[PDB]
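> Next up, upload-v4.pdb (PDB, C-alpha atoms and all ligand atoms).
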ATOM      1  CA  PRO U  38      11.821 -16.583  20.995
ATOM      2  CA  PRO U  39       8.436 -15.100  21.945
ATOM      3  CA  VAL U  40       5.497 -15.705  19.587
ATOM      4  CA  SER U  41       4.999 -11.960  19.036
ATOM      5  CA  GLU U  42       8.236 -11.842  17.038
ATOM      6  CA  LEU U  43       7.392 -15.006  15.076
ATOM      7  CA  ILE U  44       3.973 -13.532  14.203
ATOM      8  CA  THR U  45       5.464 -10.145  13.298
ATOM      9  CA  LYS U  46       8.077 -11.830  11.086
ATOM     10  CA  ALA U  47       5.417 -13.986   9.389
ATOM     11  CA  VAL U  48       3.242 -10.920   8.727
ATOM     12  CA  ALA U  49       6.295  -9.075   7.354
ATOM     13  CA  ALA U  50       7.331 -11.974   5.106
ATOM     14  CA  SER U  51       3.803 -12.343   3.692
ATOM     15  CA  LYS U  52       3.180  -8.559   3.494
ATOM     16  CA  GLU U  53       0.387  -7.692   1.032
ATOM     17  CA  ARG U  54      -2.644  -5.402   0.673
ATOM     18  CA  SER U  55      -5.198  -7.844   2.120
ATOM     19  CA  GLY U  56      -3.554  -9.327   5.192
ATOM     20  CA  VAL U  57      -2.345 -12.694   6.487
ATOM     21  CA  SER U  58      -5.269 -14.727   7.807
ATOM     22  CA  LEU U  59      -5.085 -16.834  10.965
ATOM     23  CA  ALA U  60      -4.887 -19.904   8.717
ATOM     24  CA  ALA U  61      -1.959 -18.423   6.798
ATOM     25  CA  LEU U  62      -0.331 -17.453  10.118
ATOM     26  CA  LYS U  63      -0.753 -21.052  11.278
ATOM     27  CA  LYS U  64       0.843 -22.268   8.046
ATOM     28  CA  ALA U  65       3.775 -19.818   8.276
ATOM     29  CA  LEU U  66       4.545 -20.620  11.930
ATOM     30  CA  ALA U  67       4.234 -24.376  11.347
ATOM     31  CA  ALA U  68       6.576 -23.987   8.374
ATOM     32  CA  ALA U  69       8.807 -22.104  10.835
ATOM     33  CA  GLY U  70       8.829 -25.213  13.045
ATOM     34  CA  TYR U  71       6.501 -23.694  15.661
ATOM     35  CA  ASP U  72       3.909 -26.111  17.028
ATOM     36  CA  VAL U  73       0.697 -24.246  16.164
ATOM     37  CA  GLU U  74      -1.479 -27.044  17.588
ATOM     38  CA  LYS U  75      -0.826 -27.123  21.343
ATOM     39  CA  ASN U  76       0.032 -23.410  21.467
ATOM     40  CA  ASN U  77      -2.892 -22.247  19.287
ATOM     41  CA  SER U  78      -4.441 -20.699  22.413
ATOM     42  CA  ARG U  79      -1.165 -18.909  23.069
ATOM     43  CA  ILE U  80      -1.205 -17.648  19.472
ATOM     44  CA  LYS U  81      -4.723 -16.262  19.807
ATOM     45  CA  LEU U  82      -3.613 -14.543  23.000
ATOM     46  CA  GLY U  83      -0.351 -13.219  21.558
ATOM     47  CA  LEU U  84      -2.143 -12.082  18.420
ATOM     48  CA  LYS U  85      -4.720 -10.336  20.592
ATOM     49  CA  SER U  86      -1.899  -8.717  22.531
ATOM     50  CA  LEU U  87      -0.397  -7.482  19.276
ATOM     51  CA  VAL U  88      -3.760  -6.034  18.261
ATOM     52  CA  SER U  89      -4.156  -4.518  21.744
ATOM     53  CA  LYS U  90      -0.661  -3.059  21.349
ATOM     54  CA  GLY U  91      -1.809  -1.632  18.001
ATOM     55  CA  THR U  92       1.098  -3.408  16.292
ATOM     56  CA  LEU U  93      -1.403  -5.239  14.046
ATOM     57  CA  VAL U  94      -4.390  -3.628  12.323
ATOM     58  CA  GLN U  95      -7.516  -5.762  11.973
ATOM     59  CA  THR U  96      -8.544  -5.377   8.337
ATOM     60  CA  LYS U  97     -11.543  -7.742   8.260
ATOM     61  CA  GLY U  98     -13.512  -9.846  10.679
ATOM     62  CA  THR U  99     -13.425  -9.450  14.440
ATOM     63  CA  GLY U 100     -10.589 -10.663  16.629
ATOM     64  CA  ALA U 101      -8.301 -13.564  15.786
ATOM     65  CA  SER U 102     -10.630 -14.833  13.057
ATOM     66  CA  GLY U 103      -9.752 -11.832  10.881
ATOM     67  CA  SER U 104      -7.036 -10.626   8.535
ATOM     68  CA  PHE U 105      -4.193  -8.535   9.925
ATOM     69  CA  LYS U 106      -1.508  -6.126   8.725
ATOM     70  CA  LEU U 107       1.586  -4.614  10.322
ATOM     71  CA  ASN U 108       0.609  -1.127  11.493
ATOM     72  CA  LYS U 109       3.099   1.013   9.554
ATOM     73  CA  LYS U 110       1.988   3.989  11.672
TER      74      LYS U 110
ATOM     75  CA  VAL G 147       4.937  11.294   7.332
ATOM     76  CA  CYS G 148       8.579  10.335   6.790
ATOM     77  CA  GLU G 149       8.008   7.615   4.207
ATOM     78  CA  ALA G 150      10.674   4.911   4.417
ATOM     79  CA  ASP G 151      10.254   3.904   0.744
ATOM     80  CA  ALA G 152      10.855   6.194  -2.217
ATOM     81  CA  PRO G 153       7.697   6.335  -4.441
ATOM     82  CA  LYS G 161      10.507  -4.568  -5.236
ATOM     83  CA  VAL G 162      10.854  -2.545  -2.023
ATOM     84  CA  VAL G 163      13.591   0.107  -2.009
ATOM     85  CA  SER G 164      14.117   1.921   1.291
ATOM     86  CA  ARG G 165      15.230   5.556   1.357
ATOM     87  CA  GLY G 166      16.163   5.205   5.036
ATOM     88  CA  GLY G 167      13.072   7.026   6.300
ATOM     89  CA  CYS G 168      11.223   6.143   9.505
ATOM     90  CA  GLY G 169       7.451   6.378   9.024
ATOM     91  CA  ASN G 170       6.457   8.641  11.926
ATOM     92  CA  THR G 171       3.634  11.119  11.375
ATOM     93  CA  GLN G 172       4.217  14.865  11.343
ATOM     94  CA  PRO G 173       2.770  17.455  13.749
ATOM     95  CA  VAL G 174       0.845  20.603  12.871
ATOM     96  CA  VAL G 175       3.130  23.299  14.272
ATOM     97  CA  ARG G 176       1.598  26.482  15.671
ATOM     98  CA  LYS G 177       2.957  29.516  17.516
ATOM     99  CA  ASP G 178       1.461  30.985  20.704
ATOM    100  CA  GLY G 179       3.860  33.590  22.082
ATOM    101  CA  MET G 180       7.277  32.025  22.652
ATOM    102  CA  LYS G 181       5.873  28.480  22.955
ATOM    103  CA  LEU G 182       5.966  26.245  19.872
ATOM    104  CA  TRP G 183       2.984  23.884  19.945
ATOM    105  CA  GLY G 184       2.888  20.821  17.714
ATOM    106  CA  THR G 185      -0.395  19.013  17.089
ATOM    107  CA  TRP G 186      -0.094  15.266  16.469
ATOM    108  CA  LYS G 187      -3.279  13.984  14.801
ATOM    109  CA  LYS G 188      -2.993  10.288  15.598
ATOM    110  CA  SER G 189      -5.235   7.534  14.241
TER     111      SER G 189
HETATM  112 ZN    ZN U 201      11.592  10.286   9.595
END
As structure tokens - that is how I would like this structure written.
Ligand SMILES: [Zn+2]

Amino acid sequence: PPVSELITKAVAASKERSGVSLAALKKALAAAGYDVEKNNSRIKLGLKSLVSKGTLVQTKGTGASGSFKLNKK
Amino acid sequence: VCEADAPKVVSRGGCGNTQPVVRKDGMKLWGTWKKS
């Protein structure tokens, strides 16, 4: 399954008012059996694609270093 | 908006899409979507 679903599912499972950090996303995908080490660069890209698709709102920071929430709009 | 949750998470079945500002100009119904 593509990493955009795994990320969206992790952000939905940890839904809050702040927003899953990249470190929490790493932890959730690793707990989901996804190798976050080798494919970290893929994650940053896929995450960026999800922000560029507007599917994730950046709530703090800039780019992948930030916190993110599912764009309910 | 069509809120999907009635004001635990309980879903009323809604969607979450924003609503347009309808206006009338002759016989043509315009609807203004104010995105964000
Ligand atoms: Zn609706």
> Collect all residues with atoms no farther than 10 Å from ligand ZN 201 (chain U), counting only C-alpha atoms and all ligand atoms, and output them as a list in words.
residues 147, 148, 149, 150, 166, 167, 168, 169, 170, 171 and 172 of chain G
> Output the selection as a JSON list (two decimals), in the coordinates of the input - C-alpha atoms for each residue.

[["chain", "number", "residue", "atom", "x", "y", "z"],
["G", 147, "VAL", "CA", 4.94, 11.29, 7.33],
["G", 148, "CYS", "CA", 8.58, 10.34, 6.79],
["G", 149, "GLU", "CA", 8.01, 7.62, 4.21],
["G", 150, "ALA", "CA", 10.67, 4.91, 4.42],
["G", 166, "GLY", "CA", 16.16, 5.20, 5.04],
["G", 167, "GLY", "CA", 13.07, 7.03, 6.30],
["G", 168, "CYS", "CA", 11.22, 6.14, 9.51],
["G", 169, "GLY", "CA", 7.45, 6.38, 9.02],
["G", 170, "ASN", "CA", 6.46, 8.64, 11.93],
["G", 171, "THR", "CA", 3.63, 11.12, 11.38],
["G", 172, "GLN", "CA", 4.22, 14.86, 11.34]]
> Quick one: axis-aligned box around all listed atoms of region 164-180 of chain G, 3 Å on every side, centre and edge lengths in Å to one decimal, written as AutoDock Vina command-line options.

--center_x 8.5 --center_y 17.8 --center_z 12.0 --size_x 21.3 --size_y 37.7 --size_z 27.4
> Of the candidates U:75, U:64, U:81, U:52, which shows the shortest atom-to-atom distance to chain G, using only C-alpha atoms?
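Among the listed residues, the smallest separation from chain G belongs to U:52.
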> I would like the residues chosen by the PyMOL selection byres (((chain U and resi 96) around 8) and not hetatm) on the shown file; could you give them as a list in words?
residues 55, 56, 94, 95, 97, 98, 103, 104, 105 and 106 of chain U
> For the atom pair CA of residue 90 (chain U) and CA of residue 184 (chain G), what is the interatomic distance in Å to one decimal place?
24.4 Å
> For the file shown, what are the residues hit by the PyMOL selection byres (((chain U and resi 85) around 12) and not hetatm), laid out as a PDB file with C-alpha atoms, keeping the file's coordinate frame?

ATOM      1  CA  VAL U  40       5.497 -15.705  19.587  1.00  0.00           C
ATOM      2  CA  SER U  41       4.999 -11.960  19.036  1.00  0.00           C
ATOM      3  CA  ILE U  44       3.973 -13.532  14.203  1.00  0.00           C
ATOM      4  CA  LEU U  59      -5.085 -16.834  10.965  1.00  0.00           C
ATOM      5  CA  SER U  78      -4.441 -20.699  22.413  1.00  0.00           C
ATOM      6  CA  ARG U  79      -1.165 -18.909  23.069  1.00  0.00           C
ATOM      7  CA  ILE U  80      -1.205 -17.648  19.472  1.00  0.00           C
ATOM      8  CA  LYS U  81      -4.723 -16.262  19.807  1.00  0.00           C
ATOM      9  CA  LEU U  82      -3.613 -14.543  23.000  1.00  0.00           C
ATOM     10  CA  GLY U  83      -0.351 -13.219  21.558  1.00  0.00           C
ATOM     11  CA  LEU U  84      -2.143 -12.082  18.420  1.00  0.00           C
ATOM     12  CA  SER U  86      -1.899  -8.717  22.531  1.00  0.00           C
ATOM     13  CA  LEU U  87      -0.397  -7.482  19.276  1.00  0.00           C
ATOM     14  CA  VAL U  88      -3.760  -6.034  18.261  1.00  0.00           C
ATOM     15  CA  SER U  89      -4.156  -4.518  21.744  1.00  0.00           C
ATOM     16  CA  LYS U  90      -0.661  -3.059  21.349  1.00  0.00           C
ATOM     17  CA  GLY U  91      -1.809  -1.632  18.001  1.00  0.00           C
ATOM     18  CA  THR U  92       1.098  -3.408  16.292  1.00  0.00           C
ATOM     19  CA  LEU U  93      -1.403  -5.239  14.046  1.00  0.00           C
ATOM     20  CA  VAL U  94      -4.390  -3.628  12.323  1.00  0.00           C
ATOM     21  CA  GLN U  95      -7.516  -5.762  11.973  1.00  0.00           C
ATOM     22  CA  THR U  99     -13.425  -9.450  14.440  1.00  0.00           C
ATOM     23  CA  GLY U 100     -10.589 -10.663  16.629  1.00  0.00           C
ATOM     24  CA  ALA U 101      -8.301 -13.564  15.786  1.00  0.00           C
ATOM     25  CA  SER U 102     -10.630 -14.833  13.057  1.00  0.00           C
ATOM     26  CA  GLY U 103      -9.752 -11.832  10.881  1.00  0.00           C
ATOM     27  CA  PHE U 105      -4.193  -8.535   9.925  1.00  0.00           C
TER      28      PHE U 105
END
> Taking into account only C-alpha atoms, which residue in the set G:181, G:176, G:161, G:188 is nearest to chain U?
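Ranked by minimum distance to chain U, first place goes to G:188.
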> Set the distance at 9 Å and use only C-alpha atoms: which residues neighbour residue 173 (chain G) once local chain neighbours fewer than 6 positions away are removed? I'd like the list as a VMD selection string.
chain G and resid 183 to 187
> What is the CA of residue 54 (chain U)-CA of residue 153 (chain G) distance in Å, reported with one decimal?
16.5 Å
> Using Å and a single decimal, report how far CA of residue 76 (chain U) sits from CA of residue 107 (chain U).
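Result for CA of residue 107 (chain U) versus CA of residue 76 (chain U): 21.9 Å, one decimal.
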> Quick check on the file I pasted: which residues fall under the PyMOL selection byres (((chain U and resi 63) around 10) and not hetatm)? Write them as a PyMOL selection string.
chain U and resi 44+47+57-62+64-69+71-74+77+80
